[PDB]
Amino acid sequence: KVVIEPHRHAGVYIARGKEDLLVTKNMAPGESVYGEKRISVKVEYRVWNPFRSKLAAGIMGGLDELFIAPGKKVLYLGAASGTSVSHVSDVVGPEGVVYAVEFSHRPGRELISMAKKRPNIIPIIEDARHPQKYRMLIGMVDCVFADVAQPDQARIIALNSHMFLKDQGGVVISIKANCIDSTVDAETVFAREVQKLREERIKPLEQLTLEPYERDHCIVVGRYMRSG
Amino acid sequence: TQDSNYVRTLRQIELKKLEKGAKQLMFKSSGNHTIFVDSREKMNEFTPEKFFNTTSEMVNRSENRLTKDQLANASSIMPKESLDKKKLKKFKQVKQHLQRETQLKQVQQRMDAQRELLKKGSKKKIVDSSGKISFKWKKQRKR
Amino acid sequence: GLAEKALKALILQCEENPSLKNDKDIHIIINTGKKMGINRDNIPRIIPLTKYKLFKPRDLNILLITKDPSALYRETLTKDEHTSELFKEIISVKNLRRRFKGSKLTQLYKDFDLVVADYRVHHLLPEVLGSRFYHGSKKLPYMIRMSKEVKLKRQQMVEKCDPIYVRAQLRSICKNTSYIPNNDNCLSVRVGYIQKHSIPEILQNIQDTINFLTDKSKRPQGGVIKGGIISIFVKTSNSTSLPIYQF
Amino acid sequence: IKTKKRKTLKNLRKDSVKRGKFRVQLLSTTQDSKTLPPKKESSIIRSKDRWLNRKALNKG
Amino acid sequence: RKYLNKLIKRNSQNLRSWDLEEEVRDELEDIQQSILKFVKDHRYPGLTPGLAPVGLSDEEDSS
RNA sequence: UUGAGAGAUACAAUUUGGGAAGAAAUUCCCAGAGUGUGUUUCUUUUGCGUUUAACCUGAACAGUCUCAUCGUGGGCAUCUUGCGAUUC
């Protein structure tokens, strides 16, 4: 009744049924996080909403080289409520793991409850701005996702670039223009940001605006290249 | 007051069904899609096909870009006339629901102002010169 | 050419026959196969001629019938230079029902040539007019939107007029002709005068009429033919049928 | 003629070709970015100097 | 070669027919935008056939 | 009817790159790109004329008493035929 279609990236499936949908192979079946539904074909499959998940806005926004895969290790700076990060745990499946970090304590309790259920997420509940307090427990991540509304994204991501990035690695930042500056134009603020990362050794590749989901958010996909 | 209650109840009903619709739905994206490179000759020589190594329609699709090597509907019953009909049916249902919601909230607001027009204070009737009828209360704090 | 020979036969028999001189028009009657849908009211819908005109507003005597007060109607239509010489007489409905009774109505029919009334009073018009005008279908009054302005729901209607627009509307309805929609298969339509133009004008007339009535578009007026047109007979009111175009 | 070759100076100088839906601009040179402080803001400096030499004071 | 591209093209046909639409997707564009954002009368219907669709030539011309 | 620039274009011709038929020369699917005039949208400049403009604010509806609401009756069907809205 519903058929699947695999995506460019692993773990990502487009479900062609009564309506097309973005779905991921579940880790554990019959258990909800934020009241989403399900679909099976037996294999159990979990939706994302491109509204409530920014990376979901990326995948159906279309990004060529996302540096996620099953058997790897990803960093997630900004996992409030744990939704997209539990979903990223889903897409890296059993073998890979994610290190999520967070600072505000209400999504702190929410994410640590999802950590009680799901194993592949390992949570760090600190302010991101001093990475010594988690270089005691994290070692040599592969890829990095950064959705933090603070304006010094370049400083904090360059800090985690010098500390944990795998060489020739993959990094994805999200940018909210109406949070960093809130007066001027989107591509302008974006060019300034990627100038910052270029001076901070991160070689970008592409960026993309999330128009019919978000209000002037974009995402920048780049690499860490010959750098320490 | 009971009338305002009933209309409010049906308005929330339609709102929640619209939200469950928007949650179960799926749209398509169209944003600024930039790509960096290092040479201006290689830039002028860039071709999306010769970068993604996919087909015509796979290039032109953005929500799904699988390479040809990764490519390496029959159960779906009449996709020419039926499944597009059902997609359009779901989206038209959601549009209908939104329009219904707007109508309901309009009637609820008019009824709510009329219900507040009955309590207390000193009222004053103005005609907004576009042709609107409305009120304005005197500067008078109630006890 | 068989059509043209038959038309020659009709006009020469019209010359010889004593009764046939005393009626002076030509009607094309069509028999199709199927019965038509819309019920027969008495709103004569118009049909255009493309190459050949028929009649002139500066040639016929005209009656206009108004809304009630008719004051600005009469004075403006009388005084403003595009309709000063056009209408023989303007009159309102209430004034008409007061003024003419019985034999006076018949005298009206004997005297005036073509009648047009406002659209907003056509629906009531034949009741004061009776059925002496409504014998058959010749002198059926038309309907004309006077002010070029449309009444929306829940808004007071604006009164105005323009001699410009009404003169164009009369020149259209007097240049080209009109038919009546029925339910039964057979129908009739007046086409042309025996002296005002000639046989090629009549054949071109018939071609444009059957083309406009066969065309699928313009549906409120021109999509009147359902099924196939079997045959066309040319006849006067008192002549006989001449058959053309039988298949 | 030479007007269109002025525009082709713009053509050889420009850095953005659109390919329908997509768009490609390239990375500015390291020595430029490192050994120049970046360019000024036309709109802001124009605004401030317009506010200085407005017509409301009869300068000149 | 042509065969490899043929297997590819078969796959492309499958994907294309699953996904694509023409004017239906345009109607969907209408619905999606609005979701993510002639002489008649009101009371007299006999007028709209009974009228005369007047001609601008029959207006501007003076016979 | 002072300049500059950016974008959407319509048509006219021009032209890159993948698939597909091609003995071949050539042709068809697609994603395009530039040029000519025309249709503009917006940013900006230049001169000339001008010093207010617009909205609010206090004791700002009301003895020809005002206003809300429910009801009763009448015209307007030659039409404001009246929406849980306000026909008069």
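Using ideal geometry, Cβ is built from the backbone for each residue, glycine included, and neighbour counts are taken over all protein chains shown. Every number here is computed from the coordinates shown, using simple stated rules; none is lab data.
Note on chain C: with charges restricted to the Cβ of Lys and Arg (+1) and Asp and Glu (-1), its dipole about the Cα centre is near 700 debye. DSSP beta bridges fully contained in the protein assembly as shown are about 65 percent antiparallel. Think of it as helices only: each DSSP H run of n ≥ 4 in chain E is worth -39500 (n - 2.57), and spread over all residues that comes to -18000 deg cm²/dmol at 222 nm.
Axis angle, to the nearest 10 degrees, between helix C:199-214 and the longest C-alpha principal axis of chain C: 70 degrees. For B:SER129 and C:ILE164, the FRET efficiency from 1/(1 + (r/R0)^6), where r spans their Cβ atoms and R0 equals 30 Å, is about 0.35. Calculated mean residue ellipticity, 222 nm, chain C: -9500 deg cm²/dmol, from DSSP H runs (n ≥ 4) at -39500 (n - 2.57) each, averaged per residue and rounded to 500. Applying 1/(1 + (r/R0)^6) with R0 = 45 Å to the Cβ-Cβ distance of D:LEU57 and B:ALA113 gives a FRET efficiency near 0.30. Annotation for the range E:5-63 versus the range C:109-145: alpha-carbon center distance of 40 Å. Can you give the direction-averaged projected area of the convex hull of the alpha-carbon atoms in the range A:112-228, in nm²? The orientation-averaged projected area of the Cα hull of the range A:112-228 comes to 8.2 nm². The antiparallel fraction among DSSP beta bridges confined to chain A stands at about 60%. Rounded to the nearest 20 debye, the dipole size of the range C:56-176 about its Cα centre is 400 debye, using +1 on the Cβ of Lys and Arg and -1 on the Cβ of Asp and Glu.
Among the listed pairs C:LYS56/C:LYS94; B:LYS20/B:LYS92; B:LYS17/B:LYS89, which are separated by more than 20 Å between their Cα atoms? Result: C:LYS56/C:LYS94 exceed 20 Å. Pick out, from C:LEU124, C:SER84, C:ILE173, the residue whose Cα sits farthest towards the positive end of the charge dipole of the range C:56-176, with +1 on the Cβ of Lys and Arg and -1 on the Cβ of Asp and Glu. Highest projection toward the positive end goes to C:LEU124.
Which of the pairs A:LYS37/B:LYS86; B:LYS85/E:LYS2; A:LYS25/B:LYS23 have their Cα atoms more than 31 Å apart in this structure? Those over the limit are B:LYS85/E:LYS2. Fewest neighbouring Cβ atoms within 10 Å first, the residues A:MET136, C:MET36, B:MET58 line up as A:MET136, C:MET36, B:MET58. Computed from the alpha carbon atoms alone, the convex hull of the range C:56-176 holds 116 Å³ per residue. A straight Cα-to-Cα reach below 28 Å connects D:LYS39 with the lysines A:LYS176, A:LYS196, A:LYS203, B:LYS42, D:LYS4, D:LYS5, D:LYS7, D:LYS10, D:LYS14, D:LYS18, D:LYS48, residues fewer than 8 places away in its own chain not being considered. Taking a straight line from the alpha carbon of A:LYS133, these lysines sit under 25 Å away, with near neighbours fewer than eight places off in the same chain left out: A:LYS72, A:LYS73, A:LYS116, A:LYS117, A:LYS166.
Shielding of peptide E:25-34 by partners, expressed as the average count of other chain Cβ atoms within 10 Å per residue Cβ, is 4.
Working note: Karplus 6.51/-1.76/1.60 with θ = phi - 60° gives the range C:166-176 the couplings 6, 6, 4, 5, 5, 5, 5, 5, 9, 5, 10 Hz, where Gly and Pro are set to x. Our note on the geometry: Cα centres of the range B:47-80 and the range B:26-44, 18 Å apart. Under a 10 Å cutoff between Cα atoms, tell me which one of C:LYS34, C:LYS226, C:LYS110 has the largest fluctuation in the Gaussian network model of chain C. Fluctuation is largest for C:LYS110. Rounded to the nearest 5, what % of the DSSP beta bridges within the range A:1-113 are antiparallel ones? In the range A:1-113, approximately 70 percent of DSSP beta bridges are antiparallel ones. With contacts taken as Cα pairs under 8 Å and at least 6 residues apart, the range C:56-176 reaches a relative contact order of 30 percent. Counting Cβ atoms of other protein chains within 10 Å of each Cβ in E:16-22 and taking the mean gives 6. For chain A, the 222 nm mean residue ellipticity estimated from helices alone, with every DSSP H stretch of n ≥ 4 adding -39500 (n - 2.57) and the total spread over all residues, rounds to -8000 deg cm²/dmol. The mean number of Cβ atoms from other chains found within 10 Å of a Cβ in peptide A:114-126 is 0, as a whole number.
Counting other beta carbons within 10 Å of each residue's own, what order do A:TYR213, E:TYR3 fall into, fewest first?
The order, fewest Cβ neighbours first, is E:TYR3, A:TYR213.
Candidate cross-link partners of C:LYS226 among the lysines, defined by an alpha-carbon separation under 18 Å and a same-chain spacing of 8 or more, comprise C:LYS34, C:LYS35, C:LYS216, C:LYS218. Compute the acute angle (0 to 90°) between the alpha-carbon long axis of helix D:2-13 and the principal axis of greatest extent of the alpha-carbon atoms of chain D; round to the nearest 10°. The angle comes out near 70 degrees. Less than 5 angstrom separates the built amide H of A:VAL97 from those of A:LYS72, A:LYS73, A:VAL74, all sequence-distant by 5 or more or on a different chain. Given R0 = 22 Å, the distance between the Cβ atoms of E:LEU20 and B:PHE51 translates into a calculated FRET efficiency of 0.45. When the P(r) is computed for the protein assembly as shown, the part past 51 Å accounts for 49% of the Cα-Cα pairs.
Counting every other Cβ atom within 10 Å of each residue's Cβ, A:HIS217, E:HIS42, C:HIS27 order from fewest to most as E:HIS42, C:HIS27, A:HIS217.
Classify the range A:47-175 as rounded, prolate or oblate, taking a ≥ b ≥ c as the square roots of the eigenvalues of its Cα gyration tensor: rounded when a/c is under 1.5, otherwise prolate if a/b is larger than b/c and oblate if not. Rounded shape, in that the Cα axes give a/c under 1.5.
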